[PDB]
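Now for the letters of each chain:
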Protein chains: 2
Amino acid sequence: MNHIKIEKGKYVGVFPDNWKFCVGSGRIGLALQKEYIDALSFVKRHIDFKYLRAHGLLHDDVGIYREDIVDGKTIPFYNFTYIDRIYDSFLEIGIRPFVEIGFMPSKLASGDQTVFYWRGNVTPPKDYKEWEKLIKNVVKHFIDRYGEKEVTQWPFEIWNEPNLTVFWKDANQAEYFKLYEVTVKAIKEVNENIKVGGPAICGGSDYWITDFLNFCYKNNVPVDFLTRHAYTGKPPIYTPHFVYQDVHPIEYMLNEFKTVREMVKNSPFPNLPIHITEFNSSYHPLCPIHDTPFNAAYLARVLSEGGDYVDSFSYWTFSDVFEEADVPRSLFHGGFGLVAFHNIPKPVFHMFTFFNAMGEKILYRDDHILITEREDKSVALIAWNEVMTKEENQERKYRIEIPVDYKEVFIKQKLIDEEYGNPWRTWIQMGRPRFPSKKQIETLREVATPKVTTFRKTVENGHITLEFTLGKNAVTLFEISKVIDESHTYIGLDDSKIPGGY
Amino acid sequence: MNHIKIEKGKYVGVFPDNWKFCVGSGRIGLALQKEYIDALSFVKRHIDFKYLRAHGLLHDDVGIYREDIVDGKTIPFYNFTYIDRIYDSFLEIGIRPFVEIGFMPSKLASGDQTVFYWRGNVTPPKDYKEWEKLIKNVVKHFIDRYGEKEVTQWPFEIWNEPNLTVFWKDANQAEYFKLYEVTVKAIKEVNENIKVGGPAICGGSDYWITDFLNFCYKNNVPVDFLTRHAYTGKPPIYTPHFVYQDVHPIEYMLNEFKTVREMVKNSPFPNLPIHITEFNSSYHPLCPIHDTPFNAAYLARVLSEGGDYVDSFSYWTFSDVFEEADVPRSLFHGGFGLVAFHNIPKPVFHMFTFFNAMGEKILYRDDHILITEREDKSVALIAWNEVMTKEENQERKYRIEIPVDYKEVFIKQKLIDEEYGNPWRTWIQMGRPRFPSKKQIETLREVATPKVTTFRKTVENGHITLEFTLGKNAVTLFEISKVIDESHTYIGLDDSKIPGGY
Ligand SMILES: O[C@@H]1[C@@H](O)[C@H](O)OC[C@H]1O
Ligand code: NA
Ligand code: NA
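Each value, and the rule that gives it
- Residues numbered from 1 in each chain as written, not as in the entry; some residues may be left out.
- Chains lettered and ligands numbered in written order.
- Heavy atoms only, no water.
- Residues with missing side-chain atoms left out of burial classes, pairs and counts.
- Helix = DSSP H or I, 4+ residues; strand = E, 2+ residues; numbered from the N terminus.
- Rg over C-alpha atoms; globule rule 2.2 N^0.38 Å.
- Donors = N, O, S within 2.8 Å, 3.2 Å for Na, K, Ca; no water.
- Buried < 20%, exposed > 50% of the residue type's maximum accessible area, 1.4 Å probe, protein only.
- Salt bridge = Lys/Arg side-chain N within 4 Å of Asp/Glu carboxyl O.
- Polar contact = N/O pair within 3.5 Å; in protein donor to acceptor, adjacent residues only side chain to side chain.
- Contact = heavy atoms within 4.5 Å.
- 1 Å grid on protein atoms, 1.4 Å probe; cavity = no way out; pocket = protein on both sides within 12 Å on 5 of 7 lines; lining within 4 Å.
- Points joined across faces, edges and corners; volume = space filled by probe spheres on them.
- Nonpolar A, V, L, I, M, F, W, Y, C, P; charged D, E, K, R; others polar.
- Disulfide = S-S within 2.5 Å.
- Least-squares fit on C-alpha atoms.
- Domains from an automatic or database assignment.

Method of structure determination, per the deposited record: X-ray crystallography was used for this entry, reaching 2.6700 Å resolution.

Here you go:
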């Protein structure tokens, strides 16, 4: 039904690598877990993410800020044992931290308000000049351990979602500015080449972006990028074990992206880089939507178009290794992770890997397909089909004419939908086991992979035709490439002489 | 000084393998750490430890006990996500848990009192019958996942050091006896072949052993083994960063072993196995005695002799991965472990591995040397020399006549003292760097190995004579073996034709 004719030689855009700039994570402290490193290693073997963005560098499980008593004095001590082990392991894996400065260490806090099950503290420092010394020592170490050519490649975003009272005492904008100003000026004094930015808010308070940008311009506090989080979840229904959420169409997020690029172009900093340091449909770590093939198909458009607007958009999160809502109580529990425990890829993970196949040169693109040409001049394409309702049009038919100037083509297709690459479904059939056996795990691994099919055909009249129908919530990848047939070189080759009817 | 003549074909005792039955660890929640799994794997490549003993199975970071509110009714939830991953990894490595029931999960607790930096609740359960259901469900889960044959090889130790008020409210003995009865009867109802035991007391309250064994006999309360801890630290000096302690002679601890055996010999269970579930010199996690060559020399006698009295004795702990006194603040910091961070083995580690060379038939044993015969009739021996003070007497000389019925002999010596295998000395030389660099760490690993030297002697009069002198805090191992010289099979063999003066 959707008929598409690609003309020989015409392009319409550049597909950039923004989609794999940065990915999200459970709290920095959780990076100590073997399951985390096993997960991060597995992701990094498949998607060359450049940066990792996680809360809680200054939380007390990481244990940086402590206080010793000598006489009646109270003198600080900065403990780097854990963060060293962590950042080391990031860099050995091949990924750098998107440092998020937060939250408040308990012995520097002014109040007792906390966020999450791990009770990160969200009050301003009782003494702002002792918070200045923490930040400067923390940055100075790093330069000493990792060296400046390395640490200046690390961006520093200041705090998390201050426009919400649950993350920042009273959601006090003025006090958030004092905090941003003290913190970035501590960082810059150690090394001015370190890029910093903010204000890390979620949608629904976009005036914060104008207020924050004016505040940095009127005073002379530096800002080298903007950050903001984008979700699409309508208000949620709660449960002892679940949070259920409806969602806006994915266009609601892409619209939010561009109106944010608009704000920055009318800002005192018209070329500011924008980093969406968190994004997903539902915004709760226990929402089953994250486990489904729907969330793969639904998020796919963001990877196609998101880089038209923002310099990075970081999927929350790479792994279910997460503790914000306590320890998960079931293998499939609605976690943010691209990867469920035991390195079982979710549908969303495979969707991400498909974009490894996109070239820079965009042949075509609408709301539900992306077609690109790689440097070897083979053609690849990714189509999705997110289906929000029982009553919606369920299938999505494509007929695509593709020019090729060679005579024998090889087609490779990877499909994930409700049937293929859907371990959640098998998990359900298995009885929804909360704590499955090894054998159950390995069977979920066997299914947790895209259906892969291959075709060979002769090219007639300088083009080929791909006709295919996406079912409910499918994402698929096609790769079209030239065959240099070598069968002529096999003397006496005759398949018909093989038992088996060949 | 110390002249020894091994008479041909005579033995005394038998050297059993109790020394490697069991080893200790930081709390079970710390087993999620990559650094922890890396250290355990490292230890188990060198010492075949059968069991691993650690606090806090029921602590709330492992997350097992939780509550849900459907109605106003609160019902219980048992979350096995973390504990499954932990015991799975123990089993894959090849070690089993010496299960320690404890401490108290927050939602079952009757009071606010906690132990350690990680705040384990040490009050009894507010409702002993909801404590019983926890035990039943945890053990039934273990059996469901791992199988009857496997879990019934896991011994269950009830609580930890209840004679101390810091580990158990008011050090109430009756309250503990009720806890022990309720817990093990829950255990036994799930499967009566699970070995239970106690009372896991600290030293200095040994009447508890009489009271607890009598209590069980009187009231038909199962007990399949006794447990107790043995340390030797005198009352400590405290510092913002250190705990310093003197120690009794090591004879003091071997005395406690033979003493507690006597009590169970005089009890209604005269054949009770005894497990010394923690031991070390100093009992504090920030006491540098643990990092020194002295502790290796000092602790050697118990490996040599402890098995005469107790069925197991488990060194606290296998690794510095530990949080009882907050996150360690320097590479060497006095931690309990055989192994420091980044797998840098301490002298005590090497001392242990030496005992892999002891055969079962003992040829000769005193306070400072053990000489054994392996099955191929080669002879091996470990000698040590702990020097407690600068006065004392610092060197120990040895002259050992070993008979052999073969003419050509090969001797291999391994030595650790203050000069060799002492990464602590090098770290001091380096500046005591709290957070060393990779190059520093790698240099420390280069020196953290025994000195290894080899010898060839033609035997005169059917015996060889080992002559060596132990420096201060030294441990050494020799191995004596037959040589079948194959040099006659090399035709034209002449080293004198190799440039180099050979
Ligand atoms: O921490 C994240 C928070 O910032 C956002 O509101 O929702 C996702 C959470 O996990
Ligand atoms: Na379409
Ligand atoms: Na988390």
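Still to come is the rest of the account.
As a further point, take the overall build of chain A. Summing up its helical and strand segments, chain A has eleven helices and 26 strands in all. Over its C-alpha atoms chain A spans a radius of gyration of 25 Å, differing by no more than 12% from the 23 Å that the globule rule assigns to 502 residues.

Here the focus is the coordination of the sodium ion (ligand 3). Residues and elements named next belong to chain A. Distances from the sodium ion (ligand 3) to its protein donors, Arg27 (N) and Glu323 (N), fall at 3.1 to 3.2 Å. One end of the pair, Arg27, is in the loop between strand 3 (22-25) and helix 1 (34-44); the other, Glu323, is in the loop between strand 16 (312-315) and strand 17 (339-340), with 296 residues separating them in the sequence. Neither residue differs from the other here; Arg27 and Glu323 are each classed as buried.

Moving on, we get to the coordination of the sodium ion (ligand 2). Residues and elements named next belong to chain A. The coordination sphere of the sodium ion (ligand 2) contains the protein donors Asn2 (ND2) and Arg396 (NH1), at a distance range of 2.7 to 3.2 Å. One end of the pair, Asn2, is in strand 1 (residues 2-5); the other, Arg396, is in strand 22 (residues 396-403), and 394 residues separate them in sequence. Exposure remark for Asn2: the relative accessible area of 25% places this residue in the partly exposed category.

Residues and elements named next belong to chain B. Scanning the model with the defined rule gives 76 salt bridges over all chains in all. The partner of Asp61 in a salt bridge is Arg27, and the shortest N-O contact between them spans 3.0 Å. Of this pair, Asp61 sits in the loop between strand 3 (51-53) and strand 4 (65-69) while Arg27 sits in the loop between strand 2 (22-24) and helix 1 (34-44), and the two are 34 residues apart along the sequence. Ionic pairing is found between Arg301 and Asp367, a salt bridge with its closest N-O pair at 3.1 Å. Of this pair, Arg301 sits in helix 8 (residues 293-305) while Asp367 is found in the loop between strand 18 (361-366) and strand 19 (369-373), placing the two residues 66 residues apart along the sequence. Assessed through its relative accessible area of 8%, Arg301 is described here as buried.

Residue and element names in this part refer to chain A. Topologically, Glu161 is positioned in the loop between strand 10 (156-158) and helix 5 (173-190). Only 2.9 Å separates the side chain of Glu161 from the side chain of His229, close enough to count as a polar contact. Apart from the residues lying within four places of it in its own chain, the contact partners of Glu161 are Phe167, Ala200, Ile201, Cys202, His229 and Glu278.

A separate point is the environment of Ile47 of chain A. All names here are of chain A. With respect to the helices and strands, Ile47 occurs in the loop between helix 1 and strand 4 (51-54). You can call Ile47 buried: its relative accessible area is 0%. In sequence terms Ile47 and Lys20 are 27 residues apart; their C-alpha atoms lie 7.1 Å from each other. Excluding anything up to four places from it in sequence, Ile47 contacts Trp19, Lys20, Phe349, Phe352, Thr353 and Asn356.

The next subject is the layout of surface pockets. What the largest pocket holds in volume is close to 1400 Å³. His59, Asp61 and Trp118 of chain A together with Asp61 and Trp118 of chain B are the residues nearest the centre of the largest pocket, which is lined by 43 residues in total. When residues of the lining of the largest pocket are traced back to their parent elements, those giving at least two are strand 5 (65-70) of chain A together with strand 4 of chain B. Residue composition of the lining of the largest pocket, by class: 15 nonpolar, twelve polar and 16 charged. Approximately 890 Å³ is the volume found for the second largest pocket. Looking at the second largest pocket, it is lined by 26 residues, and the ones nearest its centre are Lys438 of chain A together with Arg85, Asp88, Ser89 and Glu92 of chain B. Of all the secondary-structure elements, those providing two or more residues to the lining of the second largest pocket are helix 1 and helix 11 (438-447) of chain A together with helix 2 (81-93) and helix 3 (128-146) of chain B.

All told, the structure shown has zero disulfides over all chains when counted by the stated rule. With no disulfide of its own, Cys216 of chain A lies 18 Å from the sulfur of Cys202 of chain A, the closest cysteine sulfur. Lacking any disulfide linkage, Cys202 of chain B is separated from the closest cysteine sulfur, that of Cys287 of chain B, by 16 Å.

With 36 residues of chain B in contact, the opposing surface of chain A contributes 38 residues. Counting residues per element, the side of chain B that touches chain A draws most heavily on helix 2 of chain B, at four residues. Each residue belonging to the side of chain B that touches chain A can be placed in one class, and the counts come to 15 nonpolar, seven polar and 14 charged.

This paragraph deals with the relation of the copies chain B and chain A. The operation relating chain B to chain A is a screw motion whose rotation component is 180°, with 0.0 Å of axial translation and a residual RMSD of 0.2 Å. A rotation of that kind, with that shift, is consistent with a two-fold axis. Take the interface residues of chain B: 97% of them recur as interface residues in chain A, which is what a same-surface contact looks like.

A few words now on the environment of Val23 of chain A. Residue and element names in this part refer to chain A. Following the sequence through the fold, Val23 ends up in strand 3. The class for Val23 is buried, based on a relative accessible area of 1%. Separated by 298 residues in the primary sequence, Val23 and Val321 place their C-alpha atoms 14 Å from one another. Once residues lying within four places of it in the same chain are set aside, the contact partners of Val23 are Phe49, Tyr51, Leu52, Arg53, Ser314, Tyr315, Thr317, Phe318 and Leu338.

Residue and element names in this part refer to chain A. According to the domain assignment, chain A consists of domain 1 (1-15 + 360-502) and domain 2 (16-359). The centre of domain 1, based on its C-alpha atoms, is set 34 Å off from the matching centre of domain 2. On the side of domain 2, 37 residues touch domain 1, which itself brings 44 residues to the contact. Among the secondary structure elements, those contributing two or more residues to the side of domain 1 that touches domain 2 are strand 19 (361-366), strand 20 (369-373), strand 21 (379-384), strand 23 (408-416), helix 10 (423-429), helix 11 and strand 26 (475-482).

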